[PDB]
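Asks: Below is the structure I would like to discuss, written out as structure tokens.
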Ligand SMILES: CCCCCCCCCCCCCCCCCC(=O)OC[C@H](COP(=O)(O)OCCN)OC(=O)CCCCCCCCCCCCCCCCC
Ligand code: SF4
Ligand code: SF4
Ligand code: SF4
């Protein structure tokens, strides 16, 4: 019956699911639980460099708020 | 030692009998029954025997029909171009030993005068099921191979 | 769709649990449940199901040992004895 | 963690390709009133493994090659390029977020014809070179409409970033405003990947005595994996381009499931199409491109330049 | 850097899968055509004008839309005229 | 009486012209073909599970040869050579002499199964139902020599398959 | 440039092997030189060493897709020389299985034509139908293909009880299967691009080149031997002859599909008009007696003995007998010298003259069209080479 085709489809589906899931999880792991910053243009890059300086630990994804005022 | 060689033989034998890609020489009426083995009732693809296989990608040659003298050199050439391991299944009386045309001036009296044969499938033609029995018999022949066992004891 | 899933579960129970269900799946690539028509003296078991279409309505589950040969994985059509050969190939209706 | 990320892209691709072969054979089987692989493993789940092992222990064909350098380059180029096209794909996050990711994919795919050309050049057979030249001429012809169609669609997106196509389709799939381009895009990917009814390389080599494989079983399997990796990639790209999936930043896995389903269905439609039609004649698929798709794509490229301006629906630049 | 590392991995793996696939299995012992040139040349000339069309998604942001739309349409029309010229001169024939 | 398979005038009214333009541009008849293959995807396949399931055959089936006996165990063959005379392939070879008890019996009875065309003329010709084509079709071999049957092999085939052979003859002999 | 086509496709194909030597200029084919004899097995010489009965199985193996039709052609030729007549029930059975054989041939012709052009799927659907028709062959003769069922004097055995009901159940559903095939091909623009205006042959040329069957009717010639020179009981059934208008591959494809429908129409009448009676001529000097008679009556035993050793003698004479076989006019020029073995048996295979016209029909076409033209001729090299 046709549903006997599904196990191969499901295996194929899992293999295509892993790359997208892995990338998302690895980004959160590397970026303090947040999305990886997108810096396509000099403005965005300048702010990312500034955030590195402000963090105090050399990580752009470490954010500082009012507590530093 | 012997245990590791024994299991490697099982693995490679399993892979080869599970992926038998045939080159069919559809020479005469026996080829019709070969087509019926590919047809839905028997579906040789479901055993891993692919439908369309190029001669240079083939593991088994099926000689399905009468072999004439005019054709014999071309059949040998295709066999010689087959990469190894390679097996030959002779299907039907004509290919097996000349059959109805055994006494003809223009017919090779069995394809085993031109190529080594692994399985002889009898009938004129063998039914599609009889051919499938022969292919399954070739699979069990491959299962009994002990290539690495022999090599280890050289 | 739930009734199809139930019939799927019925096949596991109809093959004596998971172990028997897996055994027939790997030996015969089929997990259908049929009526037992009989068993020959070599251990082959013959089943029928007349709701299946012609061709699939009779089958044999080969014995695991015949004439001193381990046939758990290696089975072939020549293992069917002549008295059952006629019934299995639908040359006759009576087993 | 990045090297780990690359492996979690490469290795799953090769496994998907391996099991696409099983899916193709079973889907083609059931459309043909049969089953396809169901003995080697349950439901044929071990068939790709058996095929892989078998092909790599097969006796290698002796390469009567006229150019050793280009003989080994071609499979490396094909497989390396195939894996390279996946690194900007947003699923929903790309491995490499490229500002000009669309141009990267356009530029990298344009190099894929070098493996076709180098392999036929190295074959040391006049028949193989003619077939390679025929395959290249078909590939570059359909690259023309793929590029123009892609540009036309980007006039609704405003950017060359692939992730911006997700934002563009936040309310509606782009297939609605651009279904005429979607149909020609879909057929063009079939012709680009030499897929039936455009499988002229397989079709023509069957007829011509002397147009053979010329690669050993192992190296020829590397060509096959590259081709099927491209088939899945082209259908992932088609899903991103025309069937945009909504992205929830806090639940990225939800996007991946839905976008994976669309990619699988589009990939299966390639199999569906292969089961349904006869093959084009070579001159007939060239006429389909130069005398049909190209005139329509040019007129639609003009339309899609004008439409955002005349509706005041010009997308943002960033 | 990340991009170069990804590129190195992809082709290094491809090189490795090809080298062993070309070497390890060896351990197991046992009429120039003018029509085809002209399709290539036609592809090249169309490819060049595709290059001139690629910046269009950025050109539509200009405050000078009148000029931008005219030049965009002018370029695509000259492509249509190029195809029309080849067509009417039997440059797209195969017989 | 004859009919035309392809002699039709397409209508040139605007509605019909636009039906054909819609088919050309929207690929309607190609979509229709996709519908047909999709419907087959959801049909039960025709494949049977060989060797656990077998293709149906009839009592008349012409398979592997066998030499038969009377209920007492005596051979039916009396070396008349009608089968050898009629055989279209000259596949049968017979020699005979008086048996020690005076019976007319063969000392050689060979069938070259690679000459045989499995036509059943021998069993038609036989006057005493001695040579038959049995129901077996699964006797492929690994060597050519195994298919050159002598009398002992054919008698062993008869003793092996008589249970099925006798029932099949009972089923079909009133048609002969 | 010079080019040689491959012996056969890379999927199972049952037409035989052909060496096609071609001359090309660019895409266009300028010359086609088929090199045959790769399946020449000297059948015509072997027949001279056989009795008339012993030679009958050779005709199963000529056009081995149309077995019983070839048997009918040979049987009619011998019956004519013998001056005897097969009984009416045998004639109806011969027409019934002649049309079942036409269905078998046309499925193979149409679907392998499509398969070689790249349309693989219909081959699988319609070969399940072929498998069921093989069962009808096997139930009357014990063989799926080479039945050796139709013989001079009638048929070998009567239909088993219950067979006609099963033929009815099959026929009831077959037109739907044809419709599914037409859904895939008839209106398909790719199929039409591969066949329309390909291999055009004029009515005048078709006649002079020796064509027959659909190769004539595709060009508008109104000719069918079942209508014009009827044999057996074809004069007692109603059916239409499909006629083409363009003389190209597409029209010939339509003719073959419509002929399948007419074959079902004929089978329907055969199932309803089947008469009772004996199935072989009641002349024991030609047709062997029943086994019960052979085992009881002295005369029957003698005639059984002589028919299976010497065979019947045929009066001296020569005949050219032809039928409308599925591939075209299939005939035998049979010479009898008065003995029980034919002196000469020339076989007229319709595909022989059709293939000889491949060079004419392929002029001004491309290489891929050569495959389509070979398919539209429906060539089996058992009958071409003999
Ligand atoms: C308000 C104003 C707005 C302005 C814009 C208005 C637009 C109006 C026009 C809309 C219609 C445009 C449609 C564009 C699609 C392309 C049409 C086309 O090219 O079809 C013609 C082509 C050739 O067909 P042919 O019969 O040979 O024509 C004779 C040529 N001498 O035929 C073909 O291409 C057939 C291709 C054969 C291969 C097809 C195999 C697969 C088919 C099934 C796939 C279905 C599509 C799935 C799409 C998925 C998308 C993700
Ligand atoms: S063995 Fe019989 S069926 Fe096979 S090719 Fe010879 S004659 Fe034809
Ligand atoms: S079946 Fe026919 S060919 Fe075979 S032995 Fe009997 S008479 Fe001879
Ligand atoms: S098998 Fe029958 S026909 Fe042949 S020699 Fe014996 S008795 Fe006579």
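Protein chains in written order, with PDB author numbering: chain a, 1 to 69; chain B, 26 to 179; chain q, 3 to 97; chain H, 1 to 318; chain A, 1 to 30, 50 to 114; chain I, 1 to 176; chain D, 45 to 430.
Beta carbons: idealized from backbone N, C-alpha and C, even for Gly.
Under 7 Å Cβ-Cβ, which residues of chain I neighbour residue 1 of chain a?
Replies: Chain I residues near residue 1 of chain a: 44.
Asks: Round the Cβ separation of residue 126 of chain D and residue 376 of chain D to the nearest angstrom and send it over; I've been treating them as touching at under 8 Å.
Replies: Actually they do not touch by this definition, with Cβ atoms about 14 Å apart.
Asks: What residue ranges within the stretch 263 to 309 of chain D form continuous beta strand (DSSP E) runs of no fewer than 3 residues, ordered along the chain?
Replies: Whole beta strand (DSSP E) segments, 3+ residues: 285 to 287.
Asks: Are the C-beta atoms of residue 36 of chain H and some chain D residue less than 8 Å apart?
Replies: Taking Cβ atoms only, chain D never reaches closer than 8 Å to residue 36 of chain H, which makes this a no.
Asks: If the cut-off is 9 Å on Cβ atoms, which residues from the stretch 50 to 75 of chain D count as contacting chain B, listed in chain order?
Replies: Those residues of the stretch 50 to 75 of chain D that come within reach of chain B (Cβ to Cβ, closer than 9 Å) are 51, 52, 53, 54, 55, 56, 57, 58, 59, 60, 61, 63.
Asks: With a threshold of 8 Å, are at least 3 pairs of Cβ atoms found where one atom belongs to the stretch 390 to 399 of chain D and the other to the stretch 248 to 258 of chain D?
Replies: A contact exists between the stretch 390 to 399 of chain D and the stretch 248 to 258 of chain D.
Asks: Pull up the distance between the alpha-carbon of residue 268 of chain D and that of residue 368 of chain D, whole angstroms please.
Replies: Taking the straight line joining both Cα atoms gives about 7 Å.
Asks: Should residue 12 of chain a and residue 19 of chain H be called a contact, given that it needs their Cβ atoms to be closer than 8 Å?
Replies: It is a contact, given that the beta carbons lie within the stated cut-off.
Asks: Quick one: what's got a C-beta closer than 6 Å to residue 116 of chain H's C-beta in the same chain, skipping five residues either side?
Replies: Counting only Cβ-Cβ distances below 6 Å, and skipping sequence neighbours, we find 132, 135, 136.
Asks: Just checking residue 428 of chain D against ligand 6 - is the residue's beta carbon closer than 7 Å to any of the ligand's heavy atoms?
Replies: No copy of ligand 6 occurs in the structure displayed; its ligands are ligand 1, ligand 2, ligand 3 and ligand 4 alone.
Asks: What does DSSP give as the partner residues of residue 78 of chain D in its beta bridges?
Replies: Paired residue(s): D/64.
Asks: By alpha-carbon positions, which one of H/150, H/43, H/164, H/142 ends up nearest to residue 5 of chain a?
Replies: Out of H/150, H/43, H/164, H/142, H/43 has the C-alpha closest to the C-alpha of residue 5 of chain a.
Asks: In the DSSP assignment, what are the bridge partners of residue 69 of chain I?
Replies: Its beta-bridge partners are I/75.
Asks: What whole-angstrom Cβ distance do residue 80 of chain I and residue 122 of chain I have, given they're in contact under 8 Å?
Replies: Going by Cβ atoms, the distance from residue 80 of chain I to residue 122 of chain I rounds to 11 Å, so no, they are not a contact pair.
Asks: Which of the three DSSP states, helix, strand or coil, is assigned to residue 112 of chain I?
Replies: Reduced to three states, the DSSP call for residue 112 of chain I is strand.
Asks: At a cut of 8 Å, does the stretch 54 to 61 of chain B reach the stretch 89 to 99 of chain B through at least three beta carbon pairs?
Replies: Touching, yes.
Asks: State the DSSP-derived secondary structure class of residue 2 of chain I, mapped to helix, strand or coil.
Replies: Residue state, collapsed to three classes: strand.
Asks: For residue 151 of chain D versus residue 180 of chain D, is the C-beta distance shorter than 8 Å?
Replies: No, they are not a contact pair.
Asks: Within 7 Å: the Cβ of residue 293 of chain D and any heavy atom of ligand 2?
Replies: For ligand 2, not one heavy atom lies less than 7 Å from the Cβ of residue 293 of chain D.
Asks: So, with DSSP's three-state summary, where would you put residue 61 of chain q?
Replies: Strand.
Asks: Quick one, which of D/141, D/68, D/133, D/165 has its alpha-carbon nearest residue 308 of chain D's?
Replies: Residue 308 of chain D has its Cα closest to that of D/141, out of D/141, D/68, D/133, D/165.
Asks: I want to see whether chain q comes within less than 8 Å of residue 164 of chain I, judged by CB atoms only; does it?
Replies: Judged by the 8 Å Cβ criterion, residue 164 of chain I is in contact with chain q.
Asks: Are there 16 or more other CB atoms within 10 angstroms of the CB of residue 70 of chain q, so buried, or fewer, so exposed?
Replies: That one is exposed.
Asks: Which of the three DSSP states is assigned to residue 62 of chain H in this structure?
Replies: Here residue 62 of chain H sits in coil by DSSP.
Asks: Which residues of the stretch 35 to 57 of chain B have a Cβ closer than 9 Å to any Cβ of chain H? Give them in chain order.
Replies: Here the close residues are 36, 37, 39, 40, 41, 42, 43, 44, 45, 46.
Asks: Can you find the residues in the same chain that come closer than 6 Å, C-beta to C-beta, to residue 243 of chain I, ignoring five residues on each side of it along the sequence?
Replies: The question about residue 243 of chain I has no answer, for chain I in this structure spans 1 to 176.
Asks: For residue 30 of chain H, which three-state DSSP category applies?
Replies: In this structure, residue 30 of chain H counts as helix in the three-state DSSP scheme.
Asks: Below 7 Å on C-beta distance, what does residue 124 of chain H contact in chain B?
Replies: In chain order: nothing, as chain B lies at least about 15 Å away.
Asks: Give the straight-line distance between the Cα atoms of residue 59 of chain I and residue 201 of chain D, rounded to the nearest whole angstrom.
Replies: Looking at the two C-alpha atoms, the distance is approximately 13 Å.
Asks: So with CB distances below 9 Å, who are the chain A contacts of residue 169 of chain H?
Replies: Here the premise fails: no neighbours, minimum Cβ distance about 16 Å.
Asks: Mind listing which residues of the stretch 11 to 28 of chain H have their C-beta closer than 8 Å to chain a's C-betas, in chain order?
Replies: Result list: 12, 13, 15, 16, 19, 20, 22, 23, 26, 27.
Asks: Going by other Cβ atoms of all chains shown within 10 Å of its Cβ, with 16 needed for buried, is residue 89 of chain q buried or exposed?
Replies: Its Cβ being crowded by 16 or more others within 10 Å, residue 89 of chain q is buried.
Asks: Going by DSSP, which residues form a beta bridge with residue 367 of chain D?
Replies: Its beta-bridge partners are D/374.
Asks: On the three-state DSSP scale, how would you describe residue 318 of chain D?
Replies: Of the three classes helix, strand and coil, the one that applies to residue 318 of chain D here is coil, per DSSP.
Asks: Cα separation between residue 24 of chain a and residue 48 of chain a?
Replies: So the alpha carbons of these two residues sit roughly 20 Å apart.
Asks: If you count every other CB in all the chains shown that lies within 10 Å of the CB of residue 371 of chain D, and 16 or more means buried, which is it?
Replies: Buried.
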